[PDB]
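What follows is the content of coords-v1.pdb, which has PDB, C-alpha atoms and all ligand atoms:
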MODEL        1
ATOM      1  CA  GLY A   1     -35.527  51.135  37.280  1.00  0.00           C
ATOM      2  CA  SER A   2     -36.130  47.413  36.843  1.00  0.00           C
ATOM      3  CA  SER A   3     -39.784  46.362  36.739  1.00  0.00           C
ATOM      4  CA  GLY A   4     -41.138  47.032  40.217  1.00  0.00           C
ATOM      5  CA  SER A   5     -40.013  50.526  41.188  1.00  0.00           C
ATOM      6  CA  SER A   6     -40.213  49.360  44.804  1.00  0.00           C
ATOM      7  CA  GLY A   7     -39.031  52.513  46.548  1.00  0.00           C
ATOM      8  CA  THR A   8     -40.629  54.002  49.653  1.00  0.00           C
ATOM      9  CA  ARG A   9     -39.044  56.780  51.710  1.00  0.00           C
ATOM     10  CA  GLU A  10     -40.174  55.515  55.116  1.00  0.00           C
ATOM     11  CA  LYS A  11     -37.290  57.244  56.893  1.00  0.00           C
ATOM     12  CA  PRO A  12     -36.927  61.054  56.853  1.00  0.00           C
ATOM     13  CA  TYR A  13     -33.128  61.188  56.989  1.00  0.00           C
ATOM     14  CA  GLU A  14     -31.550  60.087  53.708  1.00  0.00           C
ATOM     15  CA  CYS A  15     -27.916  59.658  52.672  1.00  0.00           C
ATOM     16  CA  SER A  16     -26.943  62.252  50.065  1.00  0.00           C
ATOM     17  CA  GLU A  17     -24.201  59.818  49.054  1.00  0.00           C
ATOM     18  CA  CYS A  18     -26.105  56.653  48.143  1.00  0.00           C
ATOM     19  CA  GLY A  19     -29.644  57.462  49.241  1.00  0.00           C
ATOM     20  CA  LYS A  20     -29.939  55.329  52.368  1.00  0.00           C
ATOM     21  CA  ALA A  21     -32.536  56.126  55.029  1.00  0.00           C
ATOM     22  CA  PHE A  22     -32.579  56.702  58.788  1.00  0.00           C
ATOM     23  CA  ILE A  23     -35.039  57.510  61.574  1.00  0.00           C
ATOM     24  CA  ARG A  24     -32.748  59.930  63.406  1.00  0.00           C
ATOM     25  CA  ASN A  25     -30.005  62.197  62.060  1.00  0.00           C
ATOM     26  CA  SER A  26     -27.437  60.771  64.478  1.00  0.00           C
ATOM     27  CA  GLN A  27     -28.107  57.437  62.774  1.00  0.00           C
ATOM     28  CA  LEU A  28     -27.521  58.809  59.276  1.00  0.00           C
ATOM     29  CA  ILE A  29     -24.326  60.656  60.193  1.00  0.00           C
ATOM     30  CA  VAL A  30     -22.821  57.407  61.475  1.00  0.00           C
ATOM     31  CA  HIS A  31     -23.429  55.966  58.008  1.00  0.00           C
ATOM     32  CA  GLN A  32     -21.910  59.072  56.423  1.00  0.00           C
ATOM     33  CA  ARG A  33     -18.715  58.721  58.456  1.00  0.00           C
ATOM     34  CA  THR A  34     -17.546  56.104  55.955  1.00  0.00           C
ATOM     35  CA  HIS A  35     -18.761  58.053  52.923  1.00  0.00           C
ATOM     36  CA  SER A  36     -16.790  61.103  54.056  1.00  0.00           C
ATOM     37  CA  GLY A  37     -13.947  61.804  51.645  1.00  0.00           C
ATOM     38  CA  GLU A  38     -12.538  63.987  48.878  1.00  0.00           C
ATOM     39  CA  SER A  39     -14.016  62.830  45.568  1.00  0.00           C
ATOM     40  CA  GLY A  40     -14.410  64.811  42.360  1.00  0.00           C
ATOM     41  CA  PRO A  41     -11.972  67.733  42.691  1.00  0.00           C
ATOM     42  CA  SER A  42     -12.557  71.288  41.470  1.00  0.00           C
ATOM     43  CA  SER A  43     -15.508  71.838  43.806  1.00  0.00           C
ATOM     44  CA  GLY A  44     -17.113  75.222  44.393  1.00  0.00           C
TER      45      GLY A  44
HETATM   46 ZN    ZN B 101     -24.720  56.286  52.055  1.00  0.00          ZN
ENDMDL
END
Before anything else, please render the file you have as structure tokens.
Amino acid sequence: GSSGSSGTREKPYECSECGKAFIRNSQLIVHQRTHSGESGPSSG
């Protein structure tokens, strides 16, 4: 956390992948479309 810690969660919807933000779910999903994938096998 470089000097500054400039982080404000203005948007409710956040990307569980990177942490992005969005005003409406529909908006977030669109950004998740690319994230979608099969990483880290052996999931439960
Ligand atoms: Zn993301």
- Query: Which chains and residue numbers are within 7 Å of ligand ZN 101 (chain B), counting only C-alpha atoms and all ligand atoms, if I want them as JSON, numbers by chain?
  - Reply: {"A": [15, 16, 17, 18, 19, 20, 31, 32, 35]}
Around segment 34-40 of chain A, fit a box with edges along x, y and z, padding it by 4 Å on each side, then list its centre and edge lengths in Å to one decimal as JSON.
{"center_x": -15.6, "center_y": 60.5, "center_z": 49.2, "size_x": 14.2, "size_y": 16.7, "size_z": 21.6}
- Message: Which residues are close to segment 8-10 of chain A, i.e. within 9 Å by all atoms listed in the file, leaving aside same-chain residues fewer than 6 positions away? Reply as a VMD selection string.
- Response: chain A and resid 21 to 23
Could you save the residues just selected, with C-alpha atoms, as a short mmCIF file (atom, residue, chain, number, x, y, z; two decimals), in the frame of the given file?
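result04.cif, written as the output of this step:
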data_model
loop_
_atom_site.label_atom_id
_atom_site.label_comp_id
_atom_site.auth_asym_id
_atom_site.auth_seq_id
_atom_site.Cartn_x
_atom_site.Cartn_y
_atom_site.Cartn_z
CA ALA A 21 -32.54 56.13 55.03
CA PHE A 22 -32.58 56.70 58.79
CA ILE A 23 -35.04 57.51 61.57
#
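Atom CA of residue 13 of chain A to atom CA of residue 33 of chain A spans 14.7 Å [interatomic distance, one decimal].
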- Interatomic distance between atom CA of residue 11 of chain A and atom CA of residue 34 of chain A?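 Spanning atom CA of residue 11 of chain A to atom CA of residue 34 of chain A is a straight-line distance of 19.8 Å.
For the pair atom CA of residue 5 of chain A and atom CA of residue 36 of chain A, the separation is 28.6 Å.
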